[PDB]
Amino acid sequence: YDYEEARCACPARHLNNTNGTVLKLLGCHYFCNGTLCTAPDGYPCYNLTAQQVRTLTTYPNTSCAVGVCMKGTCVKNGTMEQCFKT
């Protein structure tokens, strides 16, 4: 067993969407066994404002900025879609 290999190889909760596209990470980071992990460059993400996060529900009502992770920053690509939690 290789603790370094496994460290960031755990699944993470994603946000869902109403339009059939790939599930995306909120931001570019996730938690695995007490480690803060960084999504790989290219990973699909949502770039939400502080207030969008606070008011994000299980209900589709937030218009969510799609992005691409680059060096741990969710770089917006201009696409919007309705995203929600599970």
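One rule holds for the numbers: they count along the sequence shown, beginning at 1. So that the term is clear: the rigid core is the largest set of C-alpha atoms that superpose within 1.5 Å between two forms.
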Rigid core superposition result in 4 other deposited structures of this protein, more deviant of 51-59, 23-31 by Cα: 51-59
Outlying stretch relative to shown form, 66-74 versus 6-14 in 4 other deposited structures of this protein, C-alpha RMS (core): 6-14
Entry-level comparison of average CA B-factors, 53-61 and 24-32, reporting the higher stretch: 53-61
Mean Cα B-factor comparison, 13-21 or 69-77, giving the higher one as deposited: 13-21
